[PDB]
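A.B. asks: What follows is a structure written as structure tokens; I'll ask about it next.
Protein chains in written order, with the UniProt record's numbering: chain A, 23 to 448; chain B, 23 to 448; chain C, 23 to 448.
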């Protein structure tokens, strides 16, 4: 129910987070097959085959029968080690992006949480507006009944009333909308959520921008991923270099053989050579090769890896400019939130005193209760529009921390301190 | 001209629909080559080759003249069947997404069709606004001429007139833009389109939400595609399992070769063995093999397929909760459309009576005709903003029908029933 | 500083432009390896291997020792030439898109610049608004001090003041934002930028739209790229046709051999055949093959390439509809800009005369100076909202020129003519 608990149940409800985790699992597991080729290749084959050599040596008839194990083991080829390193760095990549997605979950969660509150706010306010305009219409109606005014005004207040009805329904509708938005990252409905403890609000001042810039230089996930991409490009480079490598290898195998000769040609002077055999063999030995020159195969690849490299570096710098922009913008947004909160506070005070004034106006009955509710309307609107400003302060409070690439459950707990009273959702 | 006919010509004018159709054609045709490998592989590779030995067995010249056909046919390998099933499911995928795109074309079609209707409205009424403000400029002008109100007001009205002119030009401009928007899907410019039969609106109540839930769950295209994706992942799993398959084979080949001999070394005791060859051959037989352990080849792939599976499943549930969200939101939007239509109707009646009232004001001339056209302004603005609301009702109709995964020409035919009088576009 | 210089320093600062450049370098360089296969394949693969017979073959140990260079050279396979042509066309593609981004850098570069100007504008004027409202607060305050009015008004003016303060901070904030936006393209902060020379502002009429269309047919980069895609699809088609090609080839290689015998079975009646032999060889000759029939390999591929072709064609027409839409829309936007500029000009004149009027009002003291500054507020707001309109005129100019697929530094120079006075940024 509390934002913390909301994070808790939602910690498993997210598929994409779990999806990404599983993807990381795919990467780390893929490292295994990345290690695989270096290991020896035990194998087996078998065959049977009749043959008939027509023409010249025509009339011979020869079935053939054989089977063999074939162990093989390459030794010298660093390219596989290279690919292994690629797999490693890619794994680190997947790790980082996974953490990123975690932070994303945090953000979305908090956002969706606040939206419900805001919807409740607008709901109630639009309601009070409804009643106010309603008795406005009733008054005006009665005023026509005694004939003081033109019918046109009656229809006017009519239109006001219908309009505000639409305003009710759309808002109430937005309520459940946001509710389902919450279920989207939960899979569960919630009857109620804790109200903000506005009385104990934190008007915390921002840290100086430069240190934040430093921490940003140190620990944004994205730029880190860029650097990993760069190093990976370097790995691609040496992998392109790998083509020049001599390929030391070692075969090892044994094989049975049968083959029973037949046909009239075998008859007469078989000379043992035409006789059926039972031979078997245990071949084992080195294998090796070297490309020397291959039409410029391993040449263009080099430059390709190079362009890939420098381009990746460009992406890195782009990320750099990006994080600078983002963090500054966030900081600034926080300040904006501050000032806005100030303004709306004062507005609250204003509408309040105005309200009390008009209430006194009804105290000796100078006005109508309707008007009192008009001031009441302005009052509430100002109220949780100010609350809205506070939540915006919170969101910015996360974004800057998000900008750092840091974030944790603990910040959300600090948020959880802010919550207070239970509040029914619908 | 009518929305139905517009859809009719639209059915061929769309490239992307036809594109997707042809893509389905590709997906189906590819199933054929998916069936292909099982078929026998006939072949030929005759060639000639000189040879000149040296060192130890130096000086014995020769030249082979090989020529042989090679039919081949493996029998046991389920992995290919697996890939066939994959291709099948892929074809189902392409099918589903194709139908989806059809619905998409429908939606966009009706949308663009309505936008024109709206722009016409805004155009006309804006024009009336132009005339009204104009004659205000004239009145105020003359009022300066007789020496009354200060020049500043004159320039004010001037600004009004110029501003509203700009509004005209941008209005007309948007009109032709929308016309082109229509041509974009149609490839045709249309001088005129049918007006809505506003007199006979359909105030249908929405069905209870749960039934719609059950239906859409039963037949949404997207989630269906997800399920196909999951099944495909399972197929990938058995395909990973396929690496344990022994590979039964059957070679079948034949042909002749003539290696003529030459060189001085052949001279002396040729022993028939050094005579020129003239042999042919008819080899045929099985070629079995089983991989045994191979460094963990067919291992990591298993878990990879597994993670692929579960992640796909997570996507499935994701899309599930998603469509729940969407359909509820749609229902809600429809209700909003209802209430809005109500409100604007009443606003229409109101502004109308206000109009008639002021007209009566001019009946003894208390006002100016411009004022009457101000009431007229608010009037028609209200009118076809209400029309706009009705179109929104239509769009929501198609949307709720869309989330079902249903949709067809028929609802659009009912929309065609909604249409009435011809109206020139520009 | 001037827009031209800004473009100049920026012209190298862009990563993505340089990125695309290097990518073009890749596309070109890859043509080399595309040419590569036709070249001769020199090679080598020496190796050594022990052998030990058993069962009938038992007791005759040996160890083969082989070494051989291996040149190879294919003669006839058009598919390689085909793929070469593919690579060529791909190079053309990367070229074109590179040109696209070359325009893209320009557009944004103007955009942010004008945004900076605008931000400066709104900033200053908001400041003036601040001072005005401030003195209203002071007036109302003092008025309460002598007690002419209710406290509620005091709080009202209070609220106005805090609000406008918030507007200041967000304004300044937006200023620095835009500054950083500029740095994003440049990597450099800028103290100052040239003011527009509004006095000599251009108002050229657009060329008639049809001529612009014929011009459009010439060289939009996008559509050209589409046509290249089509031709590429055709190349894919002939490449599918290339599976019918007989594969004429030429083997050419030489190698030595040693192979030493061992074992007691070799002893006795060796018959020369059971003796060590240091043979060498110089094999050379033709190679050839032809598929005949392969289970429908090169069949489904044909239809596949065909579908690829037609789909590409559909994309081409899609691009056609696209460019028509965009160019007309641009033209229209220009017209809108014109009329808007007209309107705001007149508004400026109006507010000006109103200002002078009220100034005269203070000349004999009929009003507060604050009010005069209110007119001042409306004044400047109108002023550089009009400026904003002029920049929109410029942006539209660049847009329509962009739709042409044209654009150059020279148009930006023509823009550079428009600039005038130096202006500090913050």
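Cβ atoms here follow ideal geometry from the backbone N, Cα and C, with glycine treated the same way.
Taking the alpha-carbon positions, what's the residue 413(A) to residue 396(A) distance?
C.D. replies: Residue 413(A) and residue 396(A): Cα-Cα distance of roughly 26 Å.
A.B. asks: Give me the subset of the region 175-195 of chain C whose CB atoms are less than 8 Å from a CB atom of chain A, sorted by chain position.
C.D. replies: Answer in chain order: 177, 178, 180, 181, 184, 185, 187, 188, 191, 192 and 195.
A.B. asks: Look up residue 83(C) in the DSSP assignment and give the residues it is bridged to.
C.D. replies: Looking at the DSSP assignment, residue 83(C) forms a beta bridge with 74(C) and 284(C).
A.B. asks: Taking C-beta pairs closer than 7 Å, name the residues in chain A that residue 44(C) reaches, listed in chain order.
C.D. replies: By Cβ distance, chain A contributes 329, 332 and 333.
A.B. asks: What's the call for residue 37(A), buried or exposed, on a 16-neighbour Cβ count within 10 Å?
C.D. replies: So residue 37(A) counts as buried.
A.B. asks: Between residue 273(C) and chain B, is the shortest Cβ-Cβ distance under 9 Å, so that the two count as touching?
C.D. replies: Yes, residue 273(C) counts as interfacial toward chain B.
A.B. asks: Name, in chain order, the residues that DSSP records as bridge partners for residue 278(B).
C.D. replies: For residue 278(B), which the question treats as bridged, DSSP gives the partners 89(B) and 302(B).
A.B. asks: Please identify the residue among 404(C), 285(C), 178(C) and 227(C) whose C-alpha is closest to the C-alpha of residue 356(C).
C.D. replies: Out of 404(C), 285(C), 178(C) and 227(C), 227(C) has the C-alpha closest to the C-alpha of residue 356(C).
A.B. asks: Pick out whichever of 134(C), 181(C) and 276(C) has its Cα sitting closest to the Cα of residue 12(C).
C.D. replies: In the structure displayed, chain C extends from 23 to 448; residue 12(C) sits before or after that span and is not available.
A.B. asks: At a CB distance below 7 Å, what residues from the region 44-68 of chain B approach chain C? Give them in sequence order.
C.D. replies: Listed by position, the residues of the region 44-68 of chain B near chain C (Cβ gap below 7 Å) are 44, 45, 47, 48, 51, 52, 54, 55, 58, 59, 61, 62, 63, 64, 65, 66, 67 and 68.
A.B. asks: Which bits of chain B does residue 173(A) rub up against, with CB to CB less than 9 Å?
C.D. replies: Ordered by position in chain B, the residues that pass the 9 Å Cβ test against residue 173(A) are 375 and 379.
A.B. asks: Tell whether a beta-carbon distance below 9 Å holds between residue 131(C) and residue 32(C).
C.D. replies: In contact: residue 131(C) and residue 32(C) (Cβ atoms closer than 9 Å).
A.B. asks: Starting from the Cα of residue 358(B), find the closest Cα among 415(B), 336(B) and 307(B) and give me that residue.
C.D. replies: Ranking the options by Cα distance to residue 358(B), first place goes to 415(B).
A.B. asks: Which ranges would you report for the alpha helix (DSSP H) in the region 122-208 of chain C if only whole runs of at least 4 residues count?
C.D. replies: Within the region 122-208 of chain C, the complete alpha helix (DSSP H) runs of at least 4 residues are 173-208.
A.B. asks: By Cβ distance below 7 Å, which residues in the same chain neighbour residue 234(C) in space, the five residues on each side in sequence not counted?
C.D. replies: Excluding positions up to five away in sequence, the list reads 349 and 353.
A.B. asks: So is residue 423(B) buried or exposed if we call it buried at 16+ other beta carbons inside 10 Å?
C.D. replies: By the 10 Å Cβ count, residue 423(B) comes out buried.
A.B. asks: Return the CA-CA distance between residue 97(C) and residue 205(C), expressed in angstroms with no decimal places.
C.D. replies: Each residue's Cα considered, the two are about 56 Å apart.
A.B. asks: Would DSSP call residue 366(C) helix, strand or coil?
C.D. replies: Helix, per DSSP.
A.B. asks: Would you give the residue range spanned by the beta strand (DSSP E) that residue 442(B) belongs to?
C.D. replies: Residues 441-446.
A.B. asks: Under 9 Å, do residue 409(C) and residue 188(B) count as touching if we go by C-beta distance?
C.D. replies: No, they are not a contact pair.
A.B. asks: Counting pairs of beta carbons, one from the region 315-332 of chain C and one from the region 49-60 of chain B, are three or more of them closer than 8 Å?
C.D. replies: The region 315-332 of chain C vs the region 49-60 of chain B: in contact.
A.B. asks: Please determine if the region 76-87 of chain B and the region 361-376 of chain C are in contact, where contact requires at least 3 C-beta pairs separated by less than 8 Å.
C.D. replies: Short answer: they don't touch.
A.B. asks: Out of 42(B), 92(B) and 169(B), point me to the one whose CA is closest to residue 314(C)'s CA.
C.D. replies: Minimum Cα distance to residue 314(C) is reached at 92(B).
A.B. asks: With 16 other CB atoms within 10 Å as the buried threshold, where does residue 182(B) fall?
C.D. replies: Answer is buried; the Cβ neighbour count reaches 16.
A.B. asks: Could you name the residues of chain A that residue 313(B) contacts, counting a contact when the two beta carbons are closer than 8 Å?
C.D. replies: Here the neighbours are 65 and 66.
A.B. asks: So the alpha helix (DSSP H) residue 243(C) belongs to, where does it begin and stop?
C.D. replies: From DSSP, the alpha helix (DSSP H) with residue 243(C) extends over 243-263.
A.B. asks: With distance defined between alpha-carbon atoms, name the residue in 113(A), 271(A) and 191(A) nearest to residue 362(B).
C.D. replies: Closest option to residue 362(B), Cα to Cα, is 191(A).
A.B. asks: Would you mind telling me which residues of chain C sit closer than 7 Å to residue 153(B), beta carbon to beta carbon, in chain order?
C.D. replies: Going along chain C, no residue has its Cβ under 7 Å from residue 153(B), so there is no contact; the nearest lies around 18 Å.
A.B. asks: Below 8 Å, can you find three or more Cβ-Cβ pairs linking the region 149-164 of chain C to the region 386-395 of chain C?
C.D. replies: The region 149-164 of chain C is in contact with the region 386-395 of chain C.
A.B. asks: Please determine, among 175(B), 250(B), 210(B) and 329(B), the residue with the shortest C-alpha to C-alpha distance to residue 30(B).
C.D. replies: The shortest Cα separation from residue 30(B) among 175(B), 250(B), 210(B) and 329(B) belongs to 210(B).
A.B. asks: Helix, strand or coil for residue 107(B)? Go by DSSP, reduced to three states.
C.D. replies: Residue 107(B): helix per DSSP, three-state reduction.
A.B. asks: So for residue 316(B), helix, strand or coil by DSSP?
C.D. replies: Reduced to three states, the DSSP call for residue 316(B) is coil.
A.B. asks: Per the DSSP calculation, residue 69(A) is bridged to which residue(s)?
C.D. replies: According to DSSP, residue 69(A) bridges with 88(A) and 309(B).
A.B. asks: Regarding residue 244(A) and the ligand MN, is the C-beta to nearest heavy atom distance less than 8 Å?
C.D. replies: Of ligands this structure carries none, so the ligand MN is not represented either.
A.B. asks: Could you pull the DSSP bridge partners for residue 58(B) from this structure?
C.D. replies: In the DSSP output, where bridge partners are listed per residue, residue 58(B) has none listed.
A.B. asks: Measure the alpha-carbon distance for residue 270(C) versus residue 58(C) and round it to whole angstroms.
C.D. replies: Roughly 17 Å between the two C-alpha positions.
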